[PDB]
Amino acid sequence: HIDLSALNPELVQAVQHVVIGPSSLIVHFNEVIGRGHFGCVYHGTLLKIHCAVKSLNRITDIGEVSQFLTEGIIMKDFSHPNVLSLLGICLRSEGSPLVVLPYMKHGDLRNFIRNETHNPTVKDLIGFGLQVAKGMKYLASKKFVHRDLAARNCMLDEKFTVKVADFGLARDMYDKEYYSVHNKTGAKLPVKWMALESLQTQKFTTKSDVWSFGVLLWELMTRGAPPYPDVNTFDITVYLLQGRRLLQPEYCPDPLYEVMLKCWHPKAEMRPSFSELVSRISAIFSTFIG
Ligand SMILES: COCCOc1cnc2ccc([C@H](C)c3nnc4c(F)cc(-c5cc(C)no5)cn34)cc2c1
């Protein structure tokens, strides 16, 4: 049940634009197309546009419904070609709401670059990085901190447009291997993507997203290799503090590696902005043919 009185009164108008009438959405529960810790995702058809419908029923309780709606309202206002959009929220009598996302033909960026059937060039891979940078520039301009930027958490549509995903109501752990339980707080953290200061404080900033972006670039240029494989979970802080960074991949251009090292600057405030990353990467990208 939607209680409009409960919402911040300035957001009540926005509710009609986020909520999808059950009549307008058909969900195909017959086959699961995706799995998160919080629930499965299914094909869906919205009024005929193909969408990805995520259930949240694997969570015991959804939380404050007023907050869930507020999250949707905030998320639906985001619009950028390199950011996954929210089409809406559909309310079903039996169970939690369905999250309705655009269908992403080519799945997550990490699996796409790991796939033997596709053969992106070095230029293509740098271009995926640039697209991610533009999406993050947008999110950062909205004062939004992602907290979990990685190749696994970006997706590709049918035109190979890369969209930063896994945020707001689509937030989940979509590959459990890469999340380790903190011993004091119990938080499951993507430690191998995290900045030094975040490993220490568990506080995340746009500048810690910049660190994660550095890692994502490394993933692109290794076509999805796991970072720091011979390091175990929270021993990553000790490893980094020995004076270490991910090594330059064979086909990573030198200036792109220099960008990665700037993304991993020990002082968060000295890391480049996403605007700067877009600028520097666009230049590098422009030097390539094919
Ligand atoms: C090859 O892919 C087959 C098509 O299946 C789809 C298509 N579109 C989707 C759109 C969103 C989603 C969920 C809601 C989602 N939202 N953000 C992310 C995200 F950042 C990553 C993933 C993800 C990673 C992995 C591995 N499996 O799912 C799933 N995500 C799954 C889809 C599955």
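Per-chain numbering applies: from 1 upward along each written sequence, possibly unlike the entry's numbering, with residues missing coordinates excluded. As a convention, hydrogens and water are excluded, and side-chain values are obtained from all of the structure's heavy atoms.

The deposited coordinates, according to the entry record, derive from X-ray crystallography at 1.8500 Å resolution.

The protein chain appears in the PDB entry as Hepatocyte growth factor receptor from Homo sapiens. In the PDB, the title recorded for this entry is "Crystal structure of c-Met in complex with (S)-5-(8-fluoro-3-(1-(3-(2-methoxyethoxy)quinolin-6-yl)ethyl)-[1,2,4]triazolo[4,3-a]pyridin-6-yl)-3-methylisoxazole".

Q: Quick question: what am I supposed to make of the UniProt feature "binding site: ATP" in the protein chain here?
A: As annotated in UniProt, the feature "binding site: ATP" corresponds to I33, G34, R35, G36, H37, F38, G39, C40, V41 and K54 in the numbering used here. The buried category is assigned to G36, whose relative accessible area is 13%. The criterion used for residue contact is that any of the two residues' heavy atoms lie within 4.5 Å. Setting aside residues no more than four positions away along its own chain, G36 makes contact with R58, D172, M173 and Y174. Judged by relative accessible area, which is 15%, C40 ranks as buried. UniProt positions are given in the numbering used here, feature names are shortened, and annotations may be inferred rather than shown by experiment. Note on exposure labels: buried denotes an accessible area under 20% of the residue type's maximum, exposed denotes more than 50%, and partly exposed covers the range between, all computed with a 1.4 Å probe on protein chains only.

Q: Before we go on, may I ask you to explain the site of the ligand in this structure?
A: Lining the immediate environment of the ligand, one finds 20 residues, of which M104, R152, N153, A165 and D166 sit closest. Pairing of N or O atoms within 3.5 Å defines a polar contact, subject to two protein rules: one partner must be a possible hydrogen donor and the other a possible acceptor, and residues neighboring in sequence count only if both atoms are side-chain atoms. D166 is positioned with one of its backbone polar atoms (N or O) 3.2 Å from a nitrogen atom of the ligand. All accessibility values rest on the Shrake-Rupley procedure with a 1.4 Å probe; residue burial counts only the protein chains present in the view. Contact with the protein chains covers 83% of the free accessible surface of the ligand, which is 690 Å². Looking at the shell around the ligand residue by residue, the classes come out as 13 nonpolar, three polar and four charged. In these notes, residues near a molecule or strand are those with any non-hydrogen atom within 4 Å of it. Residues were grouped as follows: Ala, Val, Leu, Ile, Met, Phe, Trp, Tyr, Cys and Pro as nonpolar; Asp, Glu, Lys and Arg as charged; and all remaining residues, including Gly, as polar.

Q: In this structure, what is going on with the packing of helix α8 (residues 254–263) against helix α9 (residues 274–286)? I would like to understand it.
A: When two helices pack together, their arrangement is captured by the angle between the axes and the distance separating the axes. Axis definition: a line fitted to C-alpha atoms, over the contacting stretch in the case of helices. Angles run 0 to 180 degrees between N-to-C directions. Each helix is a run of H or I in the DSSP string that is no shorter than four residues. Each strand is a run of E no shorter than two, and both are numbered from the N terminus. Close contact between α8 and α9 brings their axes to 10 Å; oriented N to C, the two are set at 165°. By the criterion of interaxial angle, the relationship of α8 to α9 is roughly antiparallel. The hand of the α8/α9 crossing is left-handed. The residues of α9 that touch α8, namely those facing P255, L256, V259, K262 and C263, are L277, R280, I281 and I284. Of the residues in the contact of α8 with α9, the class split is seven nonpolar, no polar and two charged. Any angle between 65 and 115 degrees counts as roughly perpendicular, while under 35 counts as roughly parallel, over 145 as roughly antiparallel, and the rest as oblique. Crossing handedness is read from the near helix: turned anticlockwise from the far helix by less than a right angle, it gives a left-handed crossing, and turned clockwise, a right-handed one.

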